[PDB]
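Worksheet: one structure, shown below.
Backbone-built Cβ (ideal geometry, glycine too); neighbour counts: all protein chains shown. Basis: the model, the stated rules and, where named, an outside source; no laboratory read-out is quoted.
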Amino acid sequence: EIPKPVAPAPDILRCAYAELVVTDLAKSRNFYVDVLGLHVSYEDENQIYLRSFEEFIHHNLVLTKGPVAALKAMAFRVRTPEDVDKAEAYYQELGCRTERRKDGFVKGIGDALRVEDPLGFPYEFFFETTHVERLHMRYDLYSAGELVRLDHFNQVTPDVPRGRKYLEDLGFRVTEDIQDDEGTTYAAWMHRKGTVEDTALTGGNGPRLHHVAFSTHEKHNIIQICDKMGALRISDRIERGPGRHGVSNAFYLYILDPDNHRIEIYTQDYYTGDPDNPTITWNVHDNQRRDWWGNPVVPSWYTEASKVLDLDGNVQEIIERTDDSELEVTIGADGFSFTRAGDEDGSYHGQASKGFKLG
Amino acid sequence: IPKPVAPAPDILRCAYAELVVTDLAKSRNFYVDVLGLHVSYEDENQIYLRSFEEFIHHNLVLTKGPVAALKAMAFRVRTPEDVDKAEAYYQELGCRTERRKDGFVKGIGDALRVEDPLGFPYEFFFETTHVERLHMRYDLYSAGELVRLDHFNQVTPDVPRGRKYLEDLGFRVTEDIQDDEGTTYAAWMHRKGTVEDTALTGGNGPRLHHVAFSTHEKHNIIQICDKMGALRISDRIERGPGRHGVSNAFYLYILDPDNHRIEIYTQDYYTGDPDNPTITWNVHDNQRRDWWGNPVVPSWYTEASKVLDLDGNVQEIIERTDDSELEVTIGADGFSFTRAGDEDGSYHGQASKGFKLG
Amino acid sequence: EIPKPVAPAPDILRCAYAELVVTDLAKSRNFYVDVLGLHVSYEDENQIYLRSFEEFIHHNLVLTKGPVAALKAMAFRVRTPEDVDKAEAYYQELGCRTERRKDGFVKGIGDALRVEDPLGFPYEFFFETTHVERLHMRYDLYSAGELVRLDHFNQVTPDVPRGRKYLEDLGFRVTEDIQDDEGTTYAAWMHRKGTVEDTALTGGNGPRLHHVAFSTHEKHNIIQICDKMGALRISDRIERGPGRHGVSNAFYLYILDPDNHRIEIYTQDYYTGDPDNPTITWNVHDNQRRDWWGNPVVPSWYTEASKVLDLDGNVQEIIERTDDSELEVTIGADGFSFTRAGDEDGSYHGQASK
Amino acid sequence: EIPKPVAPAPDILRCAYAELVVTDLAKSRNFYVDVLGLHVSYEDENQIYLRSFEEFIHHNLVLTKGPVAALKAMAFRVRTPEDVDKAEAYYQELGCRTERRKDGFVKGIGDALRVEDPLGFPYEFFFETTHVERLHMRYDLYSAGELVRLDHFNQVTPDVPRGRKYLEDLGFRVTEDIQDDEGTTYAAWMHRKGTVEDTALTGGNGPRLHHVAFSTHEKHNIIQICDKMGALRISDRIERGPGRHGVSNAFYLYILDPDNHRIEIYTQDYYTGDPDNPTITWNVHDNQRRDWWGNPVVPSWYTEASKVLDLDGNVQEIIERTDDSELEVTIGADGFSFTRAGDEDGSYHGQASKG
Ligand SMILES: [Ca+2]
Ligand SMILES: [Cl-]
Ligand SMILES: [Cl-]
Ligand SMILES: [Cl-]
Ligand SMILES: [Cl-]
Ligand SMILES: [Fe+2]
Ligand SMILES: [Fe+2]
Ligand SMILES: [Fe+2]
Ligand SMILES: [Fe+2]
């Protein structure tokens, strides 16, 4: 159990950007710029800095060339410069390794703290950032699949309750979770900015990065991404979806970048900003919890995720989950799911929904 | 099947299906309360339903009976005389016909039913009772509104044989699915200038694969899925939602209380020019049925509705001997590709996206 | 009135393309390609040939550089090559001037007949056309405002009944119209392809071309055109809309090209293919007939339209409408409209709505 | 100038609900429930408590039968019970009339403070509220025009700078505003919850309530409201729109209830929660500031607004704006607006855009 520090938590606004290490920068730029339409804030031979249509901070995604694809940092914006000091004190009290750079780790960010957090994830906290042209009314640029915001991260970690407590102390509130009737938590979603999530925990071997999520305005924009992927004959890079989530109630799509970093495209979750926002707990065997329409969750969605780096840039060693596996208990050999609680009709025993089994 | 000397009836479009249903109240709940179709007439025996933009009496007749099945798939013809032409055409084909001057179902007049050469019960009619066209009744409009009847899809063992017959009847092939060794797995064909009025799916038959209704927009289809989740009947969402390859339409397949399959469809393309370019897809192309490469659930290939003869008895099934689309794509000896010739993004002995057959 | 020929009418499939004369080709190209996203089928220093997303024939729009902006031809595809000969015999019997070019008037069209029709409009009939790549699944090209089909033309003409009967003899079926209780017809819509319209007649001084219309898939695509025009700071070229039509039930927008040629963007009218398709007549004073939400129709919509050319390329002289003016009876000083017939609440007298 | 209290401001979460006095409870029910599809949390013979599709607090709208149609309370929810204490001390230091009830003024709200604020508006602050079934996944109920959230209020007040300063001291941050080159402010928008607005000031004679705004998921849902109103042959109750706003970038529609209370339907503005969120100032003569597509703003939109009540339920006296009138300077007889700054082409003199 991760103790609550005496030192006050930094006041975190929102998820702000991810730095992903990529192996072939030109290939990755083709994906995020040509395919997905993100806007270039800056690039050179080593990095690409990208932002969403409605962003005014410098970037929402930095692609950094390196030998091993991995998450290098997941960055949260804090409310004041002094919150960066607070973050440093808070993580030092937690016994975590920290690194402070007054002029930033990446271009367009100023004073910044990176930490190896207690779950082994590389978090950044910053306030200072170079404002850029906010493109929110640049409909001359707007794509049929336009990514309008950065929405959230999702982290794979072996012990969800341990992580959840730590994130709650840091001021995130859990909006939804997935549990069973035997005490196991499989996943949790938690926010600062008043949407369903700024980050999220998925039970599994970790630390690994499950995905980064961008929003669109409307559901047809997500459909267009799928359609465009078909036209580009890269439909094999559509992992899962499109669908309606149970958890979050968002319309969603998961796609895979050239280094298999998973990207979620997301729209129309709900307001969570009230402090007594009702926490929704879904049962792990409810077949409408992940896809509301009951479509089966591909096994890769549970098993595959990106490496994460330490502050030296080396891959963090993976710690195996010992709690029950969501995959196993729902679609595995001894798995079970239901459409209606207590009804055998529309239930699935040892296989996935809709007539499929694990490959 | 030979081309008759007699002229084909001039067919306008698919118009309505009569489905036999076993429990009329449960079927009513599905078609009216879940799907929002509009009642034109009902009694203890039948429910007559129409789509939002329709002016003819109905697009769907649900008839209570002992064995769920397709009883008639009906096409409207251009003139009263075309019913006489249909009768002569099918008589020359040596098919059983039955003519009723005052119709088989309410709101249809002079009508001919035939057991066609493929074993399917076709109706041809001109005369129909017009009703209030609800197309601007936005006070009634559902978030999932079904706006038109679009097409039928028929399961039949020998696709080329059926195709040639429909071509003689004036349907024109728009798209099809073949392999490199000359097998045909499916064909789509039209009269009204959309991708299909009816379509042939290779398989044991005669069976009715589905009846399709349109929506205005893609979000309307999404809403049907969402509503089915809220009603906790997501298990009746068979396949989708998706984008089709063939037709380019956004789609969904759902199952009614008797397992009759309904497609919801939108935004296919114009085919009314006589030299409309045909499109042939390779059976192993994993974008042909779902453009996004999502797997086709095996029930989509195997399950379909019984059809009746003109006495109300079930038509006997003839087995397909040509290769099975399921088997050559997603079975244990199957394969499909994302890019022709590329092993990356290819699937061998299983479906796309990491699933095998359950 | 225009007598029915004994010669058989050509079998007309649909509206197919318009040739518009434009004064500055590069400015026109910016509007139709860069703003509206139409797809280049051919271009040179004198002409740009453009098509919609789902088209397989060579083009839906030809922009031709010339001294005077005008409609040069409104072209219908016919069902067979022999239908061009039928069109020639038909228009000759009508006493109309015709010109036949076996190798076409514009690139990508073959054997073609142009006529000065009885209403003074330059019609073209052709069958042969060069097929091109049908872009309907090219979602790598698809714009947020994508124009997917050519839908129809709309013609200003002084005597709507006279034109309507002529078009009916040619096989067009009227789907909707606007009339009053005194028996005046103000507009009619008519089709071959089984939508609400391939061409339409608006009562006014003519021959003039009121608009060319393109379809989108969905209503948001039309919204995007407006939003894009705002971002390009050319919102002054949004003439009317976006709205829901009463007539046609379509979602719509009217915009103006650099020569003030009017383009409609249109989606989601209904099927009219059955021969007893019910015809809808609206009362001219019904304030929901043109915009279903009761938004006012700006006067320019009724008064402004494009010149049309004769076969020598000279502008056709205009004949003034003598029947009542829809503008005058609805939004002019002695005009009126209602929301609910017979209710003075929601009625407008001597001005427009809202 | 309204002074900044020594007392700390309450932590305000968001706009939460409005209480509207209406004259015919059945006709108002028909509008809000049958036409617009809002969900009934509670009703009796005197009041109807309505909520949006995604709401979990008891209600977003209370219709209260009474003799004079008016805003009775615009309510904001605060972060903690102790913030209702903070509110009370804050408004007392401002010399405002206050009234606190530990068991609420309306059903479904607990300890609540109502005030006559320095601009003459009845504000309520509360934390405690009865939770109800959150209908956000009830797609069996979802309307083609579904109203999903309460988004904001908009207030008519004669002196916008004066009001703006007061709201900023209260913790609202200005996101967008409308000014001219002569030092006049015509409108401002300001937020707590990280959208463009929780309330907004429109320069005019006041206090009056300009509108209450509800969100939809998508733009087509707003189009459907218009289409439905045509089918019901009540298109005359569509005042303005649908449109794209300049200010806020939201897709919008303004309609009128049976007592002429103005309702906005709104979707797809942007995130403002960062504390250095860039302000956007529009010039009052820019014809894309209110409707981005340049559609004219009808004069009633500027002139008409709802009465508001004091804490005794009497109508607040209206104070006249003496600053320049947005109507007059843009669409009046000596008005002006432009499409492109400095371009005569596409400008309008003494008249509204589009003919
Ligand atoms: Ca258990
Ligand atoms: Cl999920
Ligand atoms: Cl398919
Ligand atoms: Cl109109
Ligand atoms: Cl505005
Ligand atoms: Fe996610
Ligand atoms: Fe189909
Ligand atoms: Fe038109
Ligand atoms: Fe507003």
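Give the residue, chosen from D:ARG100, D:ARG77, that is over 22 Å from the mean Cα position of the chain (by Cα), of a type outside the set (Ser, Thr, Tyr) and under 15 Å from D:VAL115 (Cα atoms). Steps first, please.
Numbers: D:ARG77 fails: over 22 Å from the mean Cα position of the chain (by Cα).
Of the residues listed, the single one that is over 22 Å from the mean Cα position of the chain (by Cα), of a type outside the set (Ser, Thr, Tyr) and under 15 Å from D:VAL115 (Cα atoms) is D:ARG100.
Output the number of residues of the range C:1-42 satisfying the condition of being assigned to a strand (DSSP E or B) and away from chain B (no Cβ under 14 Å).
Qualifying residue count, the range C:1-42: 9.
Restricting to the range B:122-146, and then to whatever is of a type outside the set (A, V, I, L, M) and within 12 Å of chain D (Cβ to nearest Cβ), can you tell me which residue is nearest to ligand 2 (Cβ to nearest atom)? It would help to see each step written out before you state the result.
Narrowing the range B:122-146 to residues of a type outside the set (A, V, I, L, M): B:122-130, B:132-133, B:135, B:137-139, B:141-142, B:144-145.
Checking the rest, the ones that are also within 12 Å of chain D (Cβ to nearest Cβ) come to B:135, B:137-139, B:141-142, B:144-145.
Numbers: B:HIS135: 38, B:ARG137: 38, B:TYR138: 35, B:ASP139: 37, B:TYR141: 31, B:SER142: 28, B:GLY144: 23, B:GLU145: 29 Å.
The qualifying residue nearest to ligand 2 (Cβ to nearest atom) is B:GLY144.
Kindly indicate which of B:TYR138, B:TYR185 is without any contact (Cβ under 8 Å) to a residue 24 or more places away in the chain, crowded, with 20+ Cβ neighbours inside 10 Å, more than 16 Å from ligand 1 (Cβ to nearest atom) and closer than 25 Å to B:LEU252 by Cα. Before the answer, list the steps.
Working: B:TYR185 fails: without any contact (Cβ under 8 Å) to a residue 24 or more places away in the chain.
Of B:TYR138, B:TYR185, the one residue that is without any contact (Cβ under 8 Å) to a residue 24 or more places away in the chain, crowded, with 20+ Cβ neighbours inside 10 Å, more than 16 Å from ligand 1 (Cβ to nearest atom) and closer than 25 Å to B:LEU252 by Cα is B:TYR138.
All but one of (1) of a type outside the set (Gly, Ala, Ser); (2) within 28 Å of B:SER234 (Cα to Cα); (3) touching a strand residue (DSSP E or B) at 6+ places or on another chain (Cβ under 7 Å) hold for B:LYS26; state the number of the condition that does not hold.
Unmet for B:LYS26, out of (1) of a type outside the set (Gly, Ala, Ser); (2) within 28 Å of B:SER234 (Cα to Cα); (3) touching a strand residue (DSSP E or B) at 6+ places or on another chain (Cβ under 7 Å): (3).
Can you pull out the residues in the range A:298-334 that are within 14 Å of chain B (Cβ to nearest Cβ) and more than 18 Å from B:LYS353 (Cβ to Cβ)?
Across the range A:298-334, the qualifying residue is only A:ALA333.
Out of all the residues in the range A:216-247, which are in contact with a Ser or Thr (Cβ under 6 Å, 6 or more places away or on another chain) and more than 8 Å from every other protein chain (Cβ to nearest Cβ)?
Scanning the range A:216-247 gives A:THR216, A:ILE222.
Would you confirm whether any residue within the range A:147-165 is more than 16 Å from ligand 2 (Cβ to nearest atom), more than 14 Å from every other protein chain (Cβ to nearest Cβ), farther than 23 Å from A:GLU304 by Cα and not in a loop (DSSP other than H, G, I, E, B)?
Among the residues of the range A:147-165, at least one is more than 16 Å from ligand 2 (Cβ to nearest atom), more than 14 Å from every other protein chain (Cβ to nearest Cβ), farther than 23 Å from A:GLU304 by Cα and not in a loop (DSSP other than H, G, I, E, B), which makes the answer yes.
Only residues that are buried (at least 24 other Cβ atoms within 10 Å of the Cβ) and either within 13 Å of chain C (Cβ to nearest Cβ) or free of Cβ contacts under 8 Å to residues at least 60 places away in the same chain (or both): list them for the range B:59-71, please.
Scanning the range B:59-71 gives B:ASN59, B:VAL61, B:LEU62.
Looking only at the range C:275-294, filter to residues that are closer than 30 Å to B:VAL77 by Cβ and of a type in the set (S, T, N, Q); which one of those is nearest to ligand 7 (Cβ to nearest atom)?
C:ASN277
Can you name every residue in the range D:166-179 that is surrounded by 16 or more Cβ atoms within 10 Å (Cβ to Cβ) and either outside any helix (DSSP H, G or I) or touching a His at 6+ places or on another chain (Cβ under 9 Å) (or both)?
Selection gives D:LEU170, D:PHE172, D:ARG173, D:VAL174, D:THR175, D:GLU176, D:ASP177, D:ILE178, D:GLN179.
If I filter the range D:280-288 for residues that are at the interface with chain C (Cβ under 8 Å from one of its Cβ atoms) and surrounded by fewer than 20 Cβ atoms within 10 Å (Cβ to Cβ), do I get at least one hit?
There is no residue in the range D:280-288 that is at the interface with chain C (Cβ under 8 Å from one of its Cβ atoms) and surrounded by fewer than 20 Cβ atoms within 10 Å (Cβ to Cβ).
Do we find that A:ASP276 is free of Cβ contacts under 8 Å to residues at least 24 places away in the same chain, out of contact with any helix residue (DSSP H, G or I) (no Cβ under 6 Å at 6 or more places or on another chain) and closer than 30 Å to D:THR195 by Cβ in this structure?
Criteria met by A:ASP276.
Just for the range A:296-319: of the residues that are touching a helix residue (DSSP H, G or I) at 6+ places or on another chain (Cβ under 8 Å) and hydrophobic (A, V, I, L, M, F, W, C), which one is farthest from A:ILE238 (Cα to Cα)? Let's see the steps before the verdict.
Step one: list which residues in the range A:296-319 are touching a helix residue (DSSP H, G or I) at 6+ places or on another chain (Cβ under 8 Å), which gives A:296-300, A:302-303.
Going one step further and asking which of them are hydrophobic (A, V, I, L, M, F, W, C), we end up with A:297-298.
Details: A:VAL297: 13, A:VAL298: 11 Å.
The extreme case among them is A:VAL297.
A:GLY342 - would you say it is facing another protein chain (nearest Cβ under 10 Å) and more than 23 Å from the chain's Cα centre (by Cα)?
On the way: facing another protein chain (nearest Cβ under 10 Å): no; more than 23 Å from the chain's Cα centre (by Cα): yes.
No: the conditions fail for A:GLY342.
Determine which single condition B:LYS71 fails, assuming it passes every other condition in (1) assigned to a strand (DSSP E or B); (2) of a type in the set (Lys, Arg); (3) under 30 Å from B:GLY229 (Cα atoms).
(3) is the only condition that B:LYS71 fails.
When the range C:202-213 is examined, which residues are found to be touching a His at 6+ places or on another chain (Cβ under 9 Å) and either of a type in the set (A, V, I, L, M, F, W, C) or not in a strand (DSSP E or B) (or both)?
C:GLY204, C:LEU209, C:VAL212, C:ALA213
For residues in the range A:175-200 being closer than 13 Å to A:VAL160 by Cβ and among the β-branched types (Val, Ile, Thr), which is farthest from ligand 5 (Cβ to nearest atom)?
Out of the qualifying residues, it is A:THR184.
Which of the following residues is outside any loop (DSSP other than H, G, I, E, B) and not assigned by CATH to the domain that holds A:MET229: A:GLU99, A:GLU54, A:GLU45?
A:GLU99
Could you list, in sequence order, all residues of the range B:227-264 that are more than 16 Å from ligand 3 (Cβ to nearest atom), assigned to a loop (DSSP other than H, G, I, E, B) and touching a residue at least 12 places away in the same chain (Cβ under 8 Å)?
B:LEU231, B:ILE233, B:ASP256, B:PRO257, B:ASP258, B:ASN259, B:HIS260 - these are the residues of the range B:227-264 that are more than 16 Å from ligand 3 (Cβ to nearest atom), assigned to a loop (DSSP other than H, G, I, E, B) and touching a residue at least 12 places away in the same chain (Cβ under 8 Å).
Which of the residues spanning the range C:265-301 are of a type in the set (A, V, I, L, M, F, W, C) and in a loop (DSSP other than H, G, I, E, B)?
Of everything in the range C:265-301, those that are of a type in the set (A, V, I, L, M, F, W, C) and in a loop (DSSP other than H, G, I, E, B) turn out to be C:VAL284, C:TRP292, C:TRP293, C:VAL297, C:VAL298.
Would you say A:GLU116 is charged (D, E, K, R) and either in the same structural domain as A:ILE234 (by CATH) or over 20 Å from the mean Cα position of the chain (by Cα) (or both)?
No; evaluated as a whole, the condition is false for this residue.
Consider D:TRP282 carefully, then state whether it is assigned by CATH to the domain that holds D:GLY171, more than 16 Å from ligand 6 (Cβ to nearest atom) and in contact with a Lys or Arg (Cβ under 9 Å, 6 or more places away or on another chain).
Spelling it out, D:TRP282 is indeed assigned by CATH to the domain that holds D:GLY171, more than 16 Å from ligand 6 (Cβ to nearest atom) and in contact with a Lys or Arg (Cβ under 9 Å, 6 or more places away or on another chain).
Taking into account only those residues within the range A:229-246 that are over 16 Å from A:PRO258 (Cβ atoms) and either among the basic types (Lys, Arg) or within 16 Å of ligand 8 (Cβ to nearest atom) (or both), which is surrounded by the fewest Cβ atoms within 10 Å (Cβ to Cβ)?
Kept after step one, since they are over 16 Å from A:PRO258 (Cβ atoms), are these residues of the range A:229-246: A:230-231, A:240-246.
Now restrict to residues that are either among the basic types (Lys, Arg) or within 16 Å of ligand 8 (Cβ to nearest atom) (or both): A:240, A:244.
Values: A:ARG240: 23, A:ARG244: 26.
Out of the qualifying residues, it is A:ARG240.
Take the residues in the range B:302-321 that are assigned to a loop (DSSP other than H, G, I, E, B) and hydrophobic (A, V, I, L, M, F, W, C), then tell me which one is farthest from ligand 3 (Cβ to nearest atom). Quick ask: steps written out before the conclusion?
So in the range B:302-321, the residues assigned to a loop (DSSP other than H, G, I, E, B) come out as B:303-304, B:306, B:309-313, B:315-317, B:319-321.
Narrowing the set further to residues that are hydrophobic (A, V, I, L, M, F, W, C) leaves B:304, B:310, B:317.
On the way: B:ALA304: 14, B:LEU310: 31, B:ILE317: 22 Å.
Of everything passing the filter in the range B:302-321, B:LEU310 is farthest from ligand 3 (Cβ to nearest atom).
Can you pull out every residue in the range A:295-332 that is more than 27 Å from A:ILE255 (Cα to Cα) and either of a type in the set (A, V, I, L, M) or in contact (Cβ under 8 Å) with a residue 12 or more places away in the chain (or both)?
Here is the first cut: in the range A:295-332, the ones more than 27 Å from A:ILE255 (Cα to Cα) are A:311-312, A:322-323.
Those that are more than 27 Å from A:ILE255 (Cα to Cα) and either of a type in the set (A, V, I, L, M) or in contact (Cβ under 8 Å) with a residue 12 or more places away in the chain (or both): A:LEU311, A:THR322, A:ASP323.
Okay, residues lined up against (1) within 12 Å of ligand 7 (Cβ to nearest atom); (2) surrounded by 24 or more Cβ atoms within 10 Å (Cβ to Cβ):
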{"position": "B:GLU196", "(1), (2)": "yes, yes"}
{"position": "B:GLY203", "(1), (2)": "no, yes"}
{"position": "B:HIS216", "(1), (2)": "no, no"}
{"position": "B:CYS225", "(1), (2)": "no, yes"}
